[PDB]
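J.: Have a look at the structure that comes next, please.
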Amino acid sequence: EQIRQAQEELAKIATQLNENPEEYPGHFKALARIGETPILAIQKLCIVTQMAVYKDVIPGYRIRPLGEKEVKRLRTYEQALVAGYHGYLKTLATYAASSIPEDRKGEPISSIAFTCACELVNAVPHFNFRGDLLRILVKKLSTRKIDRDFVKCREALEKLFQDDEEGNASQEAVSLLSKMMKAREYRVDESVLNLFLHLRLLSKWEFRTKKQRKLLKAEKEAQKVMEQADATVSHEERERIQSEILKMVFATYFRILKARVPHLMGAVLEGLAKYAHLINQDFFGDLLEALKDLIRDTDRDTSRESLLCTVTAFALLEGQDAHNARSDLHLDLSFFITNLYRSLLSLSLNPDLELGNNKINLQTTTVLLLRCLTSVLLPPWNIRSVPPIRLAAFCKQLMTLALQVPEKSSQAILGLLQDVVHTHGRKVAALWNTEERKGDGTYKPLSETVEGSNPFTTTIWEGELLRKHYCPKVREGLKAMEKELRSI
Amino acid sequence: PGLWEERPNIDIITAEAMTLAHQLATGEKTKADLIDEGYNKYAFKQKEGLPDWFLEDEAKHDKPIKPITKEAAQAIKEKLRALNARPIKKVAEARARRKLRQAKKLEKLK
Amino acid sequence: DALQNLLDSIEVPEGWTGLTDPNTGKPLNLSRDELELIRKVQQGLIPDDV
Amino acid sequence: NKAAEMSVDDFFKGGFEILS
Amino acid sequence: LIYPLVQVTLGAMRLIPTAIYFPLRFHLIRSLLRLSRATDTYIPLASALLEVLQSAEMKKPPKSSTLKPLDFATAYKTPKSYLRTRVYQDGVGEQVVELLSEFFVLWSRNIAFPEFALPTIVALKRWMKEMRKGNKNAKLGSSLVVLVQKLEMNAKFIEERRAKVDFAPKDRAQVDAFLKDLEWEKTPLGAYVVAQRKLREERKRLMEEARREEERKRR
RNA sequence: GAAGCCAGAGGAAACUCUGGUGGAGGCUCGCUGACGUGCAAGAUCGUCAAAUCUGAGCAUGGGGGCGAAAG
């Protein structure tokens, strides 16, 4: 049919451009004209064919607007390429902005155009109008409707981020993403936020004549001095691009935190915990106090937010560079420890606990509590230097919590306390051997501070109910606890 | 198979502009002043239809000299500081480098 | 707010001068008209209007 | 040990232990 | 076979925790309390009762009306009329106080009652504060004050008799004896619960015989 | 005295042995301190000198503190 005529024409054009590109410069327009047909099948095939040639023909560099025989041939070829590629991007934008639904006859023109856009993104980012192509991508992933095109664009941008080693593409993409988030007033689906986590940059004797040999030496020293200069310049430019991208990312994160968007806090906190070691020192301290103020505002949903903030602070402090910076940077987690200790009771009484590679953005409040408890009692660093008063107070409070908290979470708490007894032992054996109960005061349950509540002037008497809890799992967990206490 | 987009922004980056900004912010010279010493010999000079070589030669050889202040210099430095300028890793390795340098100096003295 | 302090430290406001207003303890920022005066004095093209 | 292997999120799915 | 039953009962009570459907939860909690009294299986229900309390209906001031108190032995649902009604307020407070009473008298002897009531006591105190900073429901206010007083007294009682109980990890004879020789009217919570049961029964008699006289008069 | 190559004998092959040929080696012969890491009460690992000999010609870098370097 007319479709067959288009088949032959498109095949001839594509093969001609593959074989001799320079000698045939007008096909780039001829191809736009043959795509101008109103037949949908011909339109789809023209779009995919244009994807294929523009892919193979684009040079490993960008060209300059000339303005103002082989050289003229190249000039003309190059100018036709840019004009045709600009037309291609305009057509892709129009098709993608066009309405998706038609009669069910395979993948629509919108889906095919989106696939083409993803392929161009992943194939030739360096060439011109990367901005327009990424604008198409963002105009798709700014809609809050999960779709196959949505996920496809998502992994396209993800692969671009994880493969960009230069940085300009990353900078343009993050600028577009931040502007989109601000314009949409932070009503996005958190995947565009996880892209920021997915960034990479934030982590035979040939005979030679006498003339040929001297010239070759000349290029040798020229290329040596150029390699040295290029190394230095690339280092400086990579650092500057990192600075710009980090600026944009942290601006987005802090605007989200200030706006208090409930469904993005986990991703924002994950990003902060990931990149605060890449930002300066004074900003690390300021971020700690920002987390403190978030906790205080929640004090004046809320449980999950407080636990997220506590987990982020503790993880940031378990970062290696931050761990060594500790004393010099004056980073004290006493506020977070005290807040967790005081909130344990309300968390125990909260019935919303079990309503639900990653390190922060965890959907379960019980899981967040377990991470906080692991941070406070079983730390990656200085595990055997933890204050015994802190250990004993948290042991008593967690036994009371496990007494008053649902089955599976209680099993988790018993496991954590078993691990604590395994690691420390002799420090906490007095909490169960009543002959070693200190008599230098009385236990204060409803205290205000961990040291204030005398932990060694009391006995863990809860077992007498958690051995008759209804769940065999928690019963056997307590049995294991007593077993290892005995095998101390 | 089946083959959200919808006045110039003034940015101070120069130490002289920061010094003059401090002069406005603190009660030293006011608006009436700033216009008054605006009417000087460098004022009412044509810049619109001039060739780039002419304009750049005048720009390089005709920069007015004004006192600058240490506060303004520090302010420009703080403004232009990069966000990854002072990571913990970089400052720690700087301290390690200088400590190694003193150790090597002591051993050379030995 | 500490979040606002972090935000404007990351992107300094337009009139940020690094000073503190003695009248009110907040940092002192230049106005749009004061920035216009800065432009006018620094370039010299139009010392005054009309 | 127990802390990590029960702090994994997938441990709190909520399947009733009669439909094993 | 208790494990699946308590699992499904908790699932049933937490399916859709709404003001319209308090009484289904209430009956399920009564069933679980019967099971707890019979067996020796600990069943956490303080979270459920404290959620019932920390529901939305209890915060806002009630609606003054004149309609019949609910018969919370025949209700699967709450009539649309009873939304903010002070009568519904009073009812739900009455049986919340009840179910709390049976739970805390059920476990009123074990060596850990002190701990077992600490969260409940602090939550109730937070509520007395928050609701005398809420509504004006003084009968429930007083009933909760009396309940928390009794809880604190019983906690102080067990700890007084706890002092000398050697609980070495390889020697639990004394703790396996604690107060084998006491009965659940001697504890302060036991006395309070039996008094409240007597009052509940006399009110039951009053209203039952009453409705009988109205039936006879209508006849 | 290693790679590489040759012949004989077993192994389906990959291989193994023997006899050799060969003559590459940060291989041999002639007359320690300084630090760093440490995640404990110090273990282990890493880095720095000791840099073909020699005639006649020639150039360069030098102190300290501050600082991320640029200065």
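Going through the structure tokens in order, the chains are called A, B, and so on, while each chain numbers its residues from 1 and the ligands are numbered from 1 in the order shown.
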Which polymer residues have any atom within 10 Å of an atom of region 17-20 of chain D, counting only C-alpha atoms (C1' of nucleotides), with same-chain residues fewer than 3 positions away left out, as a VMD selection string?
T.: (chain D and resid 14) or (chain E and resid 1 3 to 5 7 to 8)
J.: Which residues of chain E are close to chain A, meaning at most 7 Å apart when you count only C-alpha atoms, and how do they look as an mmCIF file with N, CA and C atoms, in the first residue's frame?
T.:
```cif
data_model
loop_
_atom_site.group_PDB
_atom_site.id
_atom_site.type_symbol
_atom_site.label_atom_id
_atom_site.label_comp_id
_atom_site.auth_asym_id
_atom_site.auth_seq_id
_atom_site.Cartn_x
_atom_site.Cartn_y
_atom_site.Cartn_z
ATOM 1 N N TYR E 3 -3.638 -19.477 69.845
ATOM 2 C CA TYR E 3 -2.925 -18.511 69.010
ATOM 3 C C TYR E 3 -3.743 -18.054 67.806
ATOM 4 N N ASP E 40 -4.419 -19.278 81.039
ATOM 5 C CA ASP E 40 -3.343 -18.536 81.677
ATOM 6 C C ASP E 40 -2.485 -17.921 80.567
ATOM 7 N N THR E 41 -3.155 -17.389 79.549
ATOM 8 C CA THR E 41 -2.498 -16.799 78.392
ATOM 9 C C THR E 41 -2.625 -15.285 78.457
ATOM 10 N N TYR E 42 -1.490 -14.594 78.399
ATOM 11 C CA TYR E 42 -1.487 -13.137 78.420
ATOM 12 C C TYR E 42 -1.891 -12.592 77.057
ATOM 13 N N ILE E 43 -2.889 -11.720 77.044
ATOM 14 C CA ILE E 43 -3.411 -11.120 75.824
ATOM 15 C C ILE E 43 -3.363 -9.607 75.981
ATOM 16 N N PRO E 44 -2.434 -8.935 75.307
ATOM 17 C CA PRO E 44 -2.425 -7.468 75.325
ATOM 18 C C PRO E 44 -3.712 -6.866 74.789
ATOM 19 N N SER E 47 -3.588 -1.673 74.533
ATOM 20 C CA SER E 47 -3.507 -0.869 73.320
ATOM 21 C C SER E 47 -4.891 -0.639 72.728
ATOM 22 N N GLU E 51 -6.790 2.906 72.603
ATOM 23 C CA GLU E 51 -7.198 3.466 71.318
ATOM 24 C C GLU E 51 -8.668 3.859 71.349
ATOM 25 N N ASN E 110 0.451 -10.838 89.775
ATOM 26 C CA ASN E 110 1.802 -11.212 89.267
ATOM 27 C C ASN E 110 2.877 -10.232 89.695
ATOM 28 N N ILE E 111 4.107 -10.707 89.702
ATOM 29 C CA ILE E 111 5.196 -9.885 90.272
ATOM 30 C C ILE E 111 5.410 -8.603 89.485
ATOM 31 N N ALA E 112 4.859 -8.483 88.291
ATOM 32 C CA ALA E 112 5.196 -7.301 87.487
ATOM 33 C C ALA E 112 4.041 -6.316 87.371
ATOM 34 N N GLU E 115 4.995 -2.657 86.704
ATOM 35 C CA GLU E 115 5.372 -2.303 85.318
ATOM 36 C C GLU E 115 4.144 -2.339 84.428
ATOM 37 N N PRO E 119 2.522 2.274 81.810
ATOM 38 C CA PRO E 119 2.086 2.994 80.608
ATOM 39 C C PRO E 119 0.628 3.409 80.677
ATOM 40 N N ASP E 166 14.028 -13.414 96.213
ATOM 41 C CA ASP E 166 15.269 -13.774 95.478
ATOM 42 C C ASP E 166 14.934 -14.373 94.109
ATOM 43 N N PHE E 167 15.240 -13.658 93.030
ATOM 44 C CA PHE E 167 15.033 -14.115 91.659
ATOM 45 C C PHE E 167 16.355 -14.377 90.945
ATOM 46 N N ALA E 168 17.248 -15.145 91.548
ATOM 47 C CA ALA E 168 18.467 -15.519 90.849
ATOM 48 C C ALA E 168 18.089 -16.265 89.574
ATOM 49 N N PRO E 169 18.834 -16.087 88.479
ATOM 50 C CA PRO E 169 18.429 -16.696 87.206
ATOM 51 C C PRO E 169 18.387 -18.213 87.228
#
```
J.: If you run DSSP on this backbone, which residues of region 11-156 of chain E come out as alpha helix (DSSP H), and could you give them as a ChimeraX atom specification?
T.: /E:11-14,22-38,46-53,86-106,113-131,138-156
J.: Could you save the residues just selected, with C-alpha atoms, as a PDB file, in the first residue's frame?
T.:
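Writing done, so here's out.pdb:
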```
ATOM      1  CA  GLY E  11      -7.665  -8.674  63.347  1.00  0.00           C
ATOM      2  CA  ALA E  12     -11.440  -8.387  63.681  1.00  0.00           C
ATOM      3  CA  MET E  13     -11.252  -5.631  66.296  1.00  0.00           C
ATOM      4  CA  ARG E  14      -8.651  -3.635  64.325  1.00  0.00           C
ATOM      5  CA  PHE E  22     -16.944   0.593  68.958  1.00  0.00           C
ATOM      6  CA  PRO E  23     -19.405  -2.017  70.334  1.00  0.00           C
ATOM      7  CA  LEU E  24     -18.256  -4.854  68.064  1.00  0.00           C
ATOM      8  CA  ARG E  25     -14.724  -4.226  69.328  1.00  0.00           C
ATOM      9  CA  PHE E  26     -16.138  -4.033  72.853  1.00  0.00           C
ATOM     10  CA  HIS E  27     -17.815  -7.432  72.633  1.00  0.00           C
ATOM     11  CA  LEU E  28     -14.675  -8.952  71.129  1.00  0.00           C
ATOM     12  CA  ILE E  29     -12.623  -7.543  74.014  1.00  0.00           C
ATOM     13  CA  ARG E  30     -15.115  -8.998  76.490  1.00  0.00           C
ATOM     14  CA  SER E  31     -14.742 -12.387  74.796  1.00  0.00           C
ATOM     15  CA  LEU E  32     -10.957 -12.141  74.992  1.00  0.00           C
ATOM     16  CA  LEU E  33     -11.162 -11.175  78.671  1.00  0.00           C
ATOM     17  CA  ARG E  34     -13.274 -14.264  79.342  1.00  0.00           C
ATOM     18  CA  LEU E  35     -10.653 -16.357  77.552  1.00  0.00           C
ATOM     19  CA  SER E  36      -7.855 -14.705  79.551  1.00  0.00           C
ATOM     20  CA  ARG E  37      -9.608 -15.356  82.870  1.00  0.00           C
ATOM     21  CA  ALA E  38     -10.154 -18.996  81.939  1.00  0.00           C
ATOM     22  CA  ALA E  46      -4.429  -2.143  76.780  1.00  0.00           C
ATOM     23  CA  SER E  47      -3.507  -0.869  73.320  1.00  0.00           C
ATOM     24  CA  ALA E  48      -7.059  -1.559  72.130  1.00  0.00           C
ATOM     25  CA  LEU E  49      -8.721   0.057  75.150  1.00  0.00           C
ATOM     26  CA  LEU E  50      -6.413   3.081  75.025  1.00  0.00           C
ATOM     27  CA  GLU E  51      -7.198   3.466  71.318  1.00  0.00           C
ATOM     28  CA  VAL E  52     -10.911   3.317  72.123  1.00  0.00           C
ATOM     29  CA  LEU E  53     -10.235   6.125  74.547  1.00  0.00           C
ATOM     30  CA  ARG E  86     -23.693  12.711  75.761  1.00  0.00           C
ATOM     31  CA  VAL E  87     -25.538   9.440  76.400  1.00  0.00           C
ATOM     32  CA  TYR E  88     -23.232   7.590  74.000  1.00  0.00           C
ATOM     33  CA  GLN E  89     -20.312   9.382  75.665  1.00  0.00           C
ATOM     34  CA  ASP E  90     -21.395   8.171  79.102  1.00  0.00           C
ATOM     35  CA  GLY E  91     -22.040   4.629  77.898  1.00  0.00           C
ATOM     36  CA  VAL E  92     -18.746   4.112  76.104  1.00  0.00           C
ATOM     37  CA  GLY E  93     -16.888   5.576  79.082  1.00  0.00           C
ATOM     38  CA  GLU E  94     -18.702   3.196  81.420  1.00  0.00           C
ATOM     39  CA  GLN E  95     -17.715   0.026  79.618  1.00  0.00           C
ATOM     40  CA  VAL E  96     -14.214   1.327  78.842  1.00  0.00           C
ATOM     41  CA  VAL E  97     -13.745   1.712  82.596  1.00  0.00           C
ATOM     42  CA  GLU E  98     -15.243  -1.757  82.969  1.00  0.00           C
ATOM     43  CA  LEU E  99     -13.001  -3.616  80.520  1.00  0.00           C
ATOM     44  CA  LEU E 100      -9.971  -1.840  81.977  1.00  0.00           C
ATOM     45  CA  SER E 101     -11.072  -2.941  85.451  1.00  0.00           C
ATOM     46  CA  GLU E 102     -11.438  -6.613  84.545  1.00  0.00           C
ATOM     47  CA  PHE E 103      -8.110  -6.613  82.689  1.00  0.00           C
ATOM     48  CA  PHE E 104      -6.121  -5.030  85.528  1.00  0.00           C
ATOM     49  CA  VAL E 105      -7.791  -7.171  88.203  1.00  0.00           C
ATOM     50  CA  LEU E 106      -7.177 -10.235  86.052  1.00  0.00           C
ATOM     51  CA  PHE E 113       1.857  -5.507  87.930  1.00  0.00           C
ATOM     52  CA  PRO E 114       3.879  -2.358  88.856  1.00  0.00           C
ATOM     53  CA  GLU E 115       5.372  -2.303  85.318  1.00  0.00           C
ATOM     54  CA  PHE E 116       2.238  -3.586  83.585  1.00  0.00           C
ATOM     55  CA  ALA E 117       0.278  -0.592  84.688  1.00  0.00           C
ATOM     56  CA  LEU E 118       2.907   2.159  84.269  1.00  0.00           C
ATOM     57  CA  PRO E 119       2.086   2.994  80.608  1.00  0.00           C
ATOM     58  CA  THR E 120      -1.644   2.841  81.253  1.00  0.00           C
ATOM     59  CA  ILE E 121      -1.352   5.093  84.311  1.00  0.00           C
ATOM     60  CA  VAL E 122       0.761   7.696  82.516  1.00  0.00           C
ATOM     61  CA  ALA E 123      -1.582   7.698  79.509  1.00  0.00           C
ATOM     62  CA  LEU E 124      -4.617   8.176  81.731  1.00  0.00           C
ATOM     63  CA  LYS E 125      -2.883  11.023  83.584  1.00  0.00           C
ATOM     64  CA  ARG E 126      -2.073  12.669  80.248  1.00  0.00           C
ATOM     65  CA  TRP E 127      -5.778  12.405  79.449  1.00  0.00           C
ATOM     66  CA  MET E 128      -6.888  13.950  82.741  1.00  0.00           C
ATOM     67  CA  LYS E 129      -4.551  16.845  81.944  1.00  0.00           C
ATOM     68  CA  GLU E 130      -5.655  17.196  78.314  1.00  0.00           C
ATOM     69  CA  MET E 131      -9.340  17.073  79.209  1.00  0.00           C
ATOM     70  CA  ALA E 138     -17.236  14.942  84.597  1.00  0.00           C
ATOM     71  CA  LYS E 139     -18.706  11.499  85.354  1.00  0.00           C
ATOM     72  CA  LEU E 140     -16.112   9.849  83.117  1.00  0.00           C
ATOM     73  CA  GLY E 141     -13.490  12.192  84.513  1.00  0.00           C
ATOM     74  CA  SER E 142     -14.208  11.036  88.052  1.00  0.00           C
ATOM     75  CA  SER E 143     -14.443   7.369  87.064  1.00  0.00           C
ATOM     76  CA  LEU E 144     -11.033   7.489  85.389  1.00  0.00           C
ATOM     77  CA  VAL E 145      -9.564   9.310  88.396  1.00  0.00           C
ATOM     78  CA  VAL E 146     -10.833   6.549  90.680  1.00  0.00           C
ATOM     79  CA  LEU E 147      -9.555   3.830  88.328  1.00  0.00           C
ATOM     80  CA  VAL E 148      -6.066   5.332  88.075  1.00  0.00           C
ATOM     81  CA  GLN E 149      -5.992   5.811  91.846  1.00  0.00           C
ATOM     82  CA  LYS E 150      -6.785   2.126  92.327  1.00  0.00           C
ATOM     83  CA  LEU E 151      -4.153   1.143  89.760  1.00  0.00           C
ATOM     84  CA  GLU E 152      -1.479   3.158  91.561  1.00  0.00           C
ATOM     85  CA  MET E 153      -2.509   1.707  94.923  1.00  0.00           C
ATOM     86  CA  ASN E 154      -2.318  -1.871  93.654  1.00  0.00           C
ATOM     87  CA  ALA E 155       1.060  -1.178  92.059  1.00  0.00           C
ATOM     88  CA  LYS E 156       2.350   0.112  95.398  1.00  0.00           C
TER      89      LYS E 156
END
```
J.: Identify every residue of chain B that has at least one atom within 10 Å of any atom of chain F, counting only C-alpha atoms (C1' of nucleotides), and report the result as JSON, numbers by chain.
T.: {"B": [84, 85, 86, 87, 88, 89, 90, 91, 92, 93, 94, 96, 99, 100, 103, 104, 106, 107]}
J.: Once you count only C-alpha atoms, which residues of chain A turn out to be within 7 Å of chain B? Could you give them as a count of residues only?
T.: 14
J.: Show me which bits of chain D are within 9 Å of chain A, counting only C-alpha atoms, as a PyMOL selection string.
T.: chain D and resi 1-9+11-14
J.: Would you give me, as a ChimeraX atom specification, the residues of chain A that come within 8 Å of chain F, using only C-alpha atoms (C1' of nucleotides)?
T.: /A:381-383
J.: Pull out every residue of chain A that has at least one atom within 12 Å of chain C, counting only C-alpha atoms, and report them as a VMD selection string.
T.: chain A and resid 243 to 260 279 to 280 282 to 294 296 to 297
J.: Residues of chain C were defined as contacting chain B if any atom lay at most 8 Å from it, counting only C-alpha atoms; please report them as JSON, numbers by chain.
T.: {"C": [10, 12, 14, 17, 18, 19, 28, 29, 30, 34, 35, 36, 37, 38, 39, 40, 41, 42, 44, 45, 46, 47, 48]}
J.: When you look at region 61-65 of chain F with a cut-off of 12 Å (counting only C-alpha atoms (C1' of nucleotides)), what residues show up, excluding the ones that are within fewer than 4 positions of it in the same chain? I need them as a ChimeraX atom specification.
T.: /B:98,102,105
